[PDB]
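Source file: input-v4.txt (compact mmCIF, C-alpha atoms and all ligand atoms)
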# COMPACT_ATOMS: atom_id res chain seq x y z
CA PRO N 1 -80.85 24.05 -38.45
CA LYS N 2 -84.01 22.00 -38.27
CA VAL N 3 -86.26 22.02 -35.27
CA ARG N 4 -89.10 19.50 -35.18
CA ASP N 5 -88.06 18.64 -38.76
CA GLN N 6 -88.32 22.20 -40.06
CA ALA N 7 -85.47 24.46 -41.17
CA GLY N 8 -88.07 27.17 -41.66
CA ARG N 9 -89.16 29.45 -38.84
CA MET N 10 -92.36 31.21 -37.95
CA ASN N 11 -92.48 34.34 -35.86
CA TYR N 12 -95.57 35.08 -33.80
CA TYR N 13 -96.97 38.52 -33.12
CA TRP N 14 -99.97 39.89 -31.22
CA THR N 15 -101.84 43.10 -30.48
CA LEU N 16 -104.68 44.45 -28.37
CA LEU N 17 -107.24 46.15 -30.62
CA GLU N 18 -109.18 48.76 -28.67
CA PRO N 19 -112.98 49.02 -29.00
CA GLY N 20 -114.09 50.74 -32.18
CA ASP N 21 -110.66 50.50 -33.78
CA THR N 22 -109.70 48.68 -36.96
CA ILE N 23 -106.85 46.31 -37.82
CA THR N 24 -105.74 45.86 -41.41
CA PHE N 25 -103.66 43.05 -42.86
CA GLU N 26 -102.03 43.33 -46.26
CA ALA N 27 -99.74 40.72 -47.75
CA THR N 28 -98.11 39.36 -50.87
CA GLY N 29 -96.91 36.27 -49.02
CA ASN N 30 -95.69 34.71 -45.78
CA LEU N 31 -98.75 35.70 -43.73
CA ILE N 32 -100.04 33.28 -41.14
CA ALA N 33 -103.49 34.81 -40.92
CA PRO N 34 -105.68 35.26 -37.83
CA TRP N 35 -108.54 32.76 -37.79
CA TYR N 36 -109.85 33.09 -34.24
CA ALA N 37 -109.24 35.98 -31.81
CA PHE N 38 -110.24 36.81 -28.24
CA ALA N 39 -112.21 39.80 -26.87
CA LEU N 40 -110.77 40.63 -23.40
CA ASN N 41 -112.00 42.12 -20.11
CA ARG N 42 -109.08 43.45 -18.03
CA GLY N 43 -108.28 43.09 -14.30
CA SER N 44 -105.35 43.87 -11.98
CA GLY N 45 -102.70 42.39 -9.69
CA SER N 46 -102.68 38.73 -10.67
CA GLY N 47 -100.04 36.49 -12.13
CA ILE N 48 -98.83 33.01 -12.97
CA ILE N 49 -97.64 30.21 -10.78
CA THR N 50 -96.34 26.69 -11.36
CA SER N 51 -97.78 23.92 -9.21
CA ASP N 52 -98.62 20.26 -9.60
CA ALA N 53 -101.12 20.44 -6.77
CA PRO N 54 -104.69 19.56 -7.71
CA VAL N 55 -107.25 22.28 -8.27
CA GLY G 1 -87.44 39.28 36.78
CA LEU G 2 -87.08 43.06 36.72
CA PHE G 3 -89.53 43.52 39.56
CA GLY G 4 -88.27 40.64 41.65
CA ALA G 5 -91.52 38.85 42.45
CA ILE G 6 -92.30 36.09 39.92
CA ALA G 7 -89.49 33.49 40.11
CA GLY G 8 -88.24 35.98 42.70
CA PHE G 9 -89.08 36.32 46.38
CA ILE G 10 -92.20 34.35 45.48
CA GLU G 11 -90.56 31.22 44.14
CA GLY G 12 -93.57 29.66 42.43
CA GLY G 13 -97.12 29.79 41.09
CA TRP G 14 -100.41 28.27 42.25
CA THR G 15 -101.93 25.46 40.22
CA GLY G 16 -104.94 25.63 42.53
CA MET G 17 -106.15 29.03 41.29
CA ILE G 18 -107.83 28.20 37.99
CA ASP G 19 -110.08 31.25 37.62
CA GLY G 20 -107.56 34.10 37.30
CA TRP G 21 -103.97 35.17 36.64
CA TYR G 22 -103.48 36.74 40.07
CA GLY G 23 -105.16 36.38 43.44
CA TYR G 24 -105.11 35.21 47.01
CA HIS G 25 -104.98 32.09 49.13
CA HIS G 26 -106.28 32.31 52.68
CA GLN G 27 -106.57 30.09 55.74
CA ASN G 28 -108.70 30.99 58.75
CA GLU G 29 -111.02 29.52 61.37
CA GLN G 30 -113.95 29.17 58.93
CA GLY G 31 -111.91 27.27 56.33
CA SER G 32 -109.36 27.67 53.55
CA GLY G 33 -109.34 28.69 49.89
CA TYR G 34 -108.21 30.49 46.74
CA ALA G 35 -109.86 33.49 45.11
CA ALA G 36 -108.66 35.32 41.99
CA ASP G 37 -108.10 39.06 42.09
CA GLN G 38 -110.52 40.03 39.36
CA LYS G 39 -109.42 43.62 38.66
CA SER G 40 -105.70 43.12 38.08
CA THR G 41 -106.28 39.90 36.17
CA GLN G 42 -108.82 41.54 33.88
CA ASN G 43 -106.64 44.61 33.36
CA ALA G 44 -103.72 42.40 32.40
CA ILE G 45 -105.89 40.31 30.07
CA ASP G 46 -107.21 43.42 28.36
CA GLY G 47 -103.73 44.92 28.06
CA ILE G 48 -102.11 41.79 26.65
CA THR G 49 -105.02 41.16 24.31
CA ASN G 50 -104.61 44.70 23.09
CA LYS G 51 -100.88 44.01 22.56
CA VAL G 52 -101.44 40.88 20.48
CA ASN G 53 -104.26 42.50 18.54
CA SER G 54 -102.05 45.52 17.89
CA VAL G 55 -99.24 43.35 16.55
CA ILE G 56 -101.63 41.52 14.17
CA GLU G 57 -103.66 44.66 13.23
CA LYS G 58 -100.67 46.56 11.81
CA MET G 59 -100.31 44.11 8.96
CA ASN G 60 -102.63 45.76 6.57
CA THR G 61 -103.35 42.98 4.24
CA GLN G 62 -101.18 42.17 1.30
CA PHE G 63 -103.55 42.64 -1.53
CA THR G 64 -103.20 40.32 -4.47
CA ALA G 65 -99.39 40.47 -5.00
CA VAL G 66 -97.40 38.18 -7.32
CA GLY G 67 -94.05 36.97 -8.73
CA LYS G 68 -92.79 38.38 -12.08
CA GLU G 69 -91.55 36.48 -15.18
CA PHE G 70 -88.56 37.32 -17.43
CA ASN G 71 -87.00 36.38 -20.80
CA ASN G 72 -83.36 35.36 -21.43
CA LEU G 73 -82.11 38.92 -22.09
CA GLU G 74 -83.72 40.19 -18.88
CA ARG G 75 -81.42 38.68 -16.23
CA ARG G 76 -80.65 42.10 -14.75
CA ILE G 77 -84.27 43.04 -14.06
CA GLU G 78 -85.01 39.50 -12.84
CA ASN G 79 -82.14 39.91 -10.41
CA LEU G 80 -83.45 43.32 -9.36
CA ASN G 81 -86.71 41.56 -8.58
CA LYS G 82 -84.92 38.87 -6.62
CA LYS G 83 -82.91 41.49 -4.73
CA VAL G 84 -86.15 43.21 -3.78
CA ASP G 85 -87.87 40.01 -2.60
CA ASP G 86 -84.84 38.75 -0.68
CA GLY G 87 -84.24 42.21 0.85
CA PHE G 88 -87.81 42.41 2.07
CA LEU G 89 -87.42 38.89 3.40
CA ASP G 90 -84.32 39.88 5.37
CA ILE G 91 -86.03 42.88 6.88
CA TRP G 92 -89.23 41.15 7.84
CA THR G 93 -87.54 38.08 9.24
CA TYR G 94 -85.12 40.06 11.40
CA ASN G 95 -87.84 42.43 12.58
CA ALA G 96 -90.32 39.68 13.37
CA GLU G 97 -87.86 37.58 15.36
CA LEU G 98 -86.36 40.47 17.28
CA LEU G 99 -89.76 42.09 17.95
CA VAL G 100 -91.13 38.84 19.31
CA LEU G 101 -88.08 38.46 21.53
CA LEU G 102 -88.30 41.95 23.02
CA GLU G 103 -92.06 41.94 23.43
CA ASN G 104 -91.96 38.54 25.14
CA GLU G 105 -89.50 39.98 27.63
CA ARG G 106 -91.81 42.96 28.15
CA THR G 107 -94.87 40.76 28.71
CA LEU G 108 -93.18 38.61 31.33
CA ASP G 109 -91.91 41.78 33.02
CA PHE G 110 -95.43 43.23 32.93
CA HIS G 111 -96.73 40.21 34.84
CA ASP G 112 -93.89 40.52 37.37
CA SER G 113 -94.83 44.18 37.89
CA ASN G 114 -98.49 43.36 38.36
CA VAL G 115 -97.70 40.77 41.04
CA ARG G 116 -95.32 43.06 42.92
CA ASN G 117 -97.81 45.91 42.85
CA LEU G 118 -100.68 43.73 44.07
CA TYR G 119 -98.47 42.51 46.92
CA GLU G 120 -97.41 46.00 47.93
CA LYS G 121 -101.05 47.12 47.64
CA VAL G 122 -102.16 44.50 50.18
CA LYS G 123 -99.11 45.34 52.28
CA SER G 124 -100.02 49.00 52.37
CA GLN G 125 -103.58 48.22 53.37
CA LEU G 126 -102.52 46.00 56.27
CA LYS G 127 -99.44 47.84 57.59
CA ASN G 128 -98.58 46.56 61.08
CA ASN G 129 -101.81 44.64 61.71
CA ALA G 130 -99.98 41.77 60.06
CA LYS G 131 -96.40 40.52 59.81
CA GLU G 132 -94.77 39.87 56.44
CA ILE G 133 -93.50 36.32 56.15
CA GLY G 134 -91.57 37.09 52.96
CA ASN G 135 -93.01 34.53 50.55
CA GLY G 136 -95.94 36.72 49.53
CA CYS G 137 -97.89 35.86 52.67
CA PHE G 138 -99.15 38.03 55.53
CA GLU G 139 -99.94 36.72 59.00
CA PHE G 140 -102.59 38.62 60.99
CA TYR G 141 -102.13 39.72 64.60
CA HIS G 142 -105.92 39.68 64.90
CA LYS G 143 -108.71 37.30 64.00
CA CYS G 144 -109.73 37.82 60.38
CA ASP G 145 -112.82 35.95 59.22
CA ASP G 146 -114.19 35.46 55.72
CA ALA G 147 -115.85 38.86 55.52
CA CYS G 148 -112.66 40.48 56.78
CA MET G 149 -110.61 38.54 54.24
CA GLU G 150 -112.91 39.66 51.42
CA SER G 151 -112.55 43.22 52.69
CA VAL G 152 -108.81 42.78 52.35
CA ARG G 153 -109.22 41.41 48.82
CA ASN G 154 -111.41 44.27 47.60
CA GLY G 155 -109.44 47.03 49.28
CA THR G 156 -111.98 47.92 51.95
CA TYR G 157 -110.06 46.52 54.94
CA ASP G 158 -110.76 48.49 58.11
CA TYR G 159 -107.40 49.10 59.79
CA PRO G 160 -108.75 51.03 62.82
CA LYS G 161 -111.34 48.35 63.63
CA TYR G 162 -108.64 45.72 64.13
CA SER G 163 -105.74 47.97 65.23
CA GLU G 164 -106.18 47.67 69.01
CA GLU G 165 -106.64 43.88 68.90
CA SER G 166 -103.64 43.60 66.57
CA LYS G 167 -101.66 45.77 68.94
CA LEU G 168 -102.70 43.47 71.79
CA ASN G 169 -101.50 40.28 70.12
CA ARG G 170 -98.34 41.87 68.71
CA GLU G 171 -97.10 42.85 72.15
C1 LIG A 201 -115.55 44.30 50.08
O1 LIG A 201 -115.85 43.33 51.07
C2 LIG A 201 -116.36 43.88 52.27
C3 LIG A 201 -116.55 42.76 53.29
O2 LIG A 201 -117.49 41.83 52.80
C4 LIG A 201 -117.68 44.59 51.99
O3 LIG A 201 -118.14 45.19 53.18
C5 LIG A 201 -117.52 45.64 50.90
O4 LIG A 201 -118.79 46.12 50.52
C6 LIG A 201 -116.80 45.08 49.68
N1 LIG A 201 -116.44 46.14 48.77
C7 LIG A 201 -116.69 46.06 47.46
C8 LIG A 201 -115.72 46.75 46.54
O5 LIG A 201 -117.65 45.45 47.00
Please express what this file holds, its structure, as structure tokens.
Amino acid sequence: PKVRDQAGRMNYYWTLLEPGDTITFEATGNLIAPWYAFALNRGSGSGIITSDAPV
Amino acid sequence: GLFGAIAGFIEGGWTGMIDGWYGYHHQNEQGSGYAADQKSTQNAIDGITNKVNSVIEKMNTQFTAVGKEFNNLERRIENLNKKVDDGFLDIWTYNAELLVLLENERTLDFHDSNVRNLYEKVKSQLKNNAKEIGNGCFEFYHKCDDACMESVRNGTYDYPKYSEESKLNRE
């Protein structure tokens, strides 16, 4: 069935590319290509909360 | 109380002694007044402060620690998480309430002990140079001026000096 007017579906995928490594995309169709990506600095012991209180 | 003094044979406290937890009220020819017993009061303050500090000190901080999220095929692990959080909540709530109960009892009992021991301390200095009323008070069989009173308060009372005079008024 249709969701938001579309009977099609798109699946979303992600990966963390380590420094110095290479990622390769090959396709003969159906690829939703990366346009922008994000270089990340990692840190521990946090998480996500839900609140309507003002920051 | 366990030691029978506070709310015991000494029915009540003294709103007139503002400068210490324990101490003395005297009346003699020179005048009348309260004076805190500094040593026992300070020992009790240090002890109780150490108790409170020790309760708070043992809670090594919780470093950044958070809730976990789960998808719709992860109900079992979500529930494991909930079991853990709830279980810890049961343990810490029971322990905190019960610990506070028991330690409160101990603190009150500690005060009762300190009062009884101060009373018996004075009693053992004075012996039969005074008669015990029973309400925490001692009545001298000899004249006891301000210097004498202070000697009583700091544990330097001179029993032989006043013994003969005491013996004279007692008989
Ligand atoms: C206690 O008081 C008496 C009487 O004033 C005095 O002689 C004595 O030096 C005092 N003792 C202390 C512990 O200072």
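Taking CA of residue 91 in chain G as the reference point, CA of residue 57 in chain G is found at 18.8 Å.
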Query raised in the report: Could you list, as an MDAnalysis selection string, every residue of chain N that has an atom within 10 Å of an atom of chain G, counting all atoms listed in the file?
Result: chainID N and resid 44:49
**Report entry** Cut-off 6 Å, only C-alpha atoms and all ligand atoms, neighbours of ligand LIG 201 (chain A) as a ChimeraX atom specification
**Finding:** /G:147-148,150-151,154,156
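Here CA of residue 127 in chain G and CA of residue 139 in chain G stand 11.2 Å from one another.
The space between CA of residue 129 in chain G and CA of residue 113 in chain G spans 24.8 Å.
With all atoms listed in the file taken into account, the protein and nucleic acid residues at most 12 Å from residue 104 in chain G (excluding it and anything under 6 positions from it in its own chain) are residues 48, 51, 52, 96, 97, 98, 110 and 111 of chain G.
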